[PDB]
Amino acid sequence: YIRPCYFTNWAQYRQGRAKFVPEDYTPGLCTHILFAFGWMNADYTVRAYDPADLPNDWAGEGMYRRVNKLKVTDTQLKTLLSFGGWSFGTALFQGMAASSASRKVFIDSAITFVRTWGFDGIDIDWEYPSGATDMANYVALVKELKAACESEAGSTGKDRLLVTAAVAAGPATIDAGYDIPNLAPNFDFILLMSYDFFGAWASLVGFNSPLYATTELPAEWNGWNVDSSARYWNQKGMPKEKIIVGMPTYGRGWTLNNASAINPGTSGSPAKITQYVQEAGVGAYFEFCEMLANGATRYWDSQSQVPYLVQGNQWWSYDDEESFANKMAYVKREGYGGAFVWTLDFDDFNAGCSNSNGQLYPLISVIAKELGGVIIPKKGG
Ligand SMILES: CCCOc1ccc([C@@H]2c3c(-c4ccccc4O)n[nH]c3C(=O)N2Cc2cccnc2)cc1OC
């Protein structure tokens, strides 16, 4: 079972208990660490996102080496350099993928870059390719990228670089952007972004990552859930061993319009900002645990098999130990390739919740143990 985890190189800048560096990783937590993110130049060459990624005078070894140095104490761990994300937008992807020669510049620059900095593969999180032009250029990029990685491996004798992508879970996005049959043979696996189905961008109070649909939400959304999107990628021609189910350690929240209307499918505006994530409508597991300690009421959605909590006018959809174990039993029963996490930094990665029994990574640990057979230690002696 492939169990990748996203490392974000800006989580080191969060405050106090939220500060996350690679040294907070613990062996066997993941089989793959995706480094979010690598960056691009206007000419589509590759560069570091953060100067602190490279060995420097101020931070020292730098985040690339500090993440890759994790492979000495986790001897089966592989790393990948990810490109894109939502903040990256699409204008630079659209230009880079526009021609054989613009793609090759990125492809050659990227393969060189990852071999220089110790990564075992290249992850494309273009969010999102859209339309016939994009759809064909995206298929050309992944085929040409894999083609170059095979060559480089053939020439060098090294194990071939991995070629993955974080991909959309929404049916309309999936249709407008991805020629799956022409993509599947050139991908090692895809990180299915089976979350952000509902969110503060809209008034519809819903679930970030419902495993199944619920009749509490209007039928028009029956496809916006983990099970439907994974099936959709399988049905369009991605093999299951390549579909890695996405797992959020963050949650999405709302300021209710009516404090006594607390059911899924009510209406609201973005949630109040939380202390450490500092993004309205988003919040981390280590923040939700404190809400539960400070009086929030925990609810379980039986149809969608995920929790929500309510505290005053604050309504939060999130994931916990129960929803994680239910999604992992889901992954095994249905035979998908494994599960990945967005992100390591939103789990209670240091058993720092006031409520914590000491378990490091209470959420991600369930994936190590239920998919990997790995027991993550408790903090302390
Ligand atoms: C669909 C709209 C959801 O809104 C999102 C906004 C941003 C990201 C996230 C992100 C950020 C970012 C980081 C910390 C705090 C605020 C931010 O806006 N910077 N780059 C990225 C990124 O790619 N994100 C999404 C992502 C990429 C790959 C895999 N999983 C998630 C995410 C949002 O949800 C997508």
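Cβ sites come from the backbone with ideal geometry, for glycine too, and all protein chains shown count toward neighbours. None of the figures in this text is laboratory data; all of them are computed from the coordinates on show.
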* **Between 0 and 90°, nearest 10: helix 226-236 axis offset from the chain longest Cα axis** => 30 degrees
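Of the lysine pairs in the stretch 275-381, how many meet both conditions: Cα atoms under 18 Å apart, and a spacing of 8 or more in sequence or different chains? All intermediate terms of the calculation are to be shown ahead of the outcome.
On the way: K327/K369; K332/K369; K369/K378; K369/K379.
Close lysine pairs under the 18 Å cut-off: 4.
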* Asked: Gain in length, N258 to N182, computed as 0.36 nm per residue apart minus the alpha-carbon separation, to one decimal in nm?
  -> 22.6 nm
* Show that you can apply the helix-only estimate: for the chain, add -39,500 (n - 2.57) for every DSSP H stretch of four or more residues, divide by all residues, and state [θ] at 222 nm to the nearest 500. => -8500 deg cm²/dmol
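With N denoting the number of residues in the stretch 258-339, provide Rg(C-alpha) divided by 2.2 N^0.38 Å, to two decimal places.
Here the answer is 1.21, to two decimals.
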* Structure fact -> According to the Cβ-distance criterion of 4.7 Å, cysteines of the chain with no possible disulfide partner are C149
* Asked: So which residue, out of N257, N68, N56, gets the largest mean-square fluctuation from a GNM of the chain using Cα contacts under 10 Å as springs?
  -> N56
* **Residue-by-residue Karplus 3J(HN,Hα) for the stretch 364-381, coefficients 6.51, -1.76, 1.60, Hz, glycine and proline x** => 5, 4, 5, 7, 4, 7, 7, 9, x, x, 9, 9, 7, x, 6, 6, x, x
* **Fully extended contour minus Cα-Cα distance, from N326 to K369, at 0.36 nm per residue** => 14.2 nm
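Take the Cα pairs of the stretch 187-342, get the Kirkwood Rh, then feed it into Stokes-Einstein at 20 °C and 1.002 mPa s and tell me D in µm²/s. Please list the in-between numbers first.
On the way: Rh = 15.7 Å.
Answer from the Stokes-Einstein relation: 136 µm²/s.
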* If you build a Gaussian network model of the chain, linking Cα atoms that sit under 10 Å apart, which residue out of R14, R252, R333 swings the most? -> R333
* Structure fact -> Between the alpha carbon centres of the stretch 157-225 and the stretch 7-36 the gap in Å comes to 24 Å
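For the stretch 150-214, what does the alpha-carbon gyration tensor say about shape, rounded, prolate or oblate, given a ≥ b ≥ c as the root eigenvalues, a/c under 1.5 as rounded, and a/b over b/c as prolate? Write out the running numbers ahead of the final one.
Numbers: a/c = 3.78, a/b = 2.69, b/c = 1.41.
Prolate, since a/c reaches 1.5 and a/b exceeds b/c.
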* Using 0.36 nm per residue of separation minus the Cα-Cα distance, give me the extension gain between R65 and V21 in nm, one decimal. => 14.7 nm
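Decide, for the stretch 299-348, between rounded, prolate and oblate: order the square roots of the alpha carbon gyration tensor eigenvalues as a ≥ b ≥ c, take rounded if a/c falls under 1.5, and otherwise choose prolate if a/b is larger than b/c, else oblate. It would help to have the intermediate numbers written out before the result.
Values: a/c = 3.40, a/b = 1.56, b/c = 2.18.
Oblate shape, in that a/c is at least 1.5 and b/c is the bigger or equal ratio.
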* Structure fact -> Using alpha carbon centers only, the stretch 281-353 is separated from the stretch 73-141 by a whole-angstrom value of 30 Å
* Asked: Setting aside same-chain residues fewer than 8 positions from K71, which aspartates and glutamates have a Cα under 16 Å from its Cα?
  -> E23, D24, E61, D120, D159
* How about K78: which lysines have a C-alpha closer than 18 Å to its C-alpha, ignoring those fewer than 8 places off in the same chain? -> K69, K146, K158, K242
* How far, in degrees from 0 to 90, does helix 100-117 lean away from the longest principal axis of the Cα atoms of the chain, to the nearest 10? -> 80 degrees
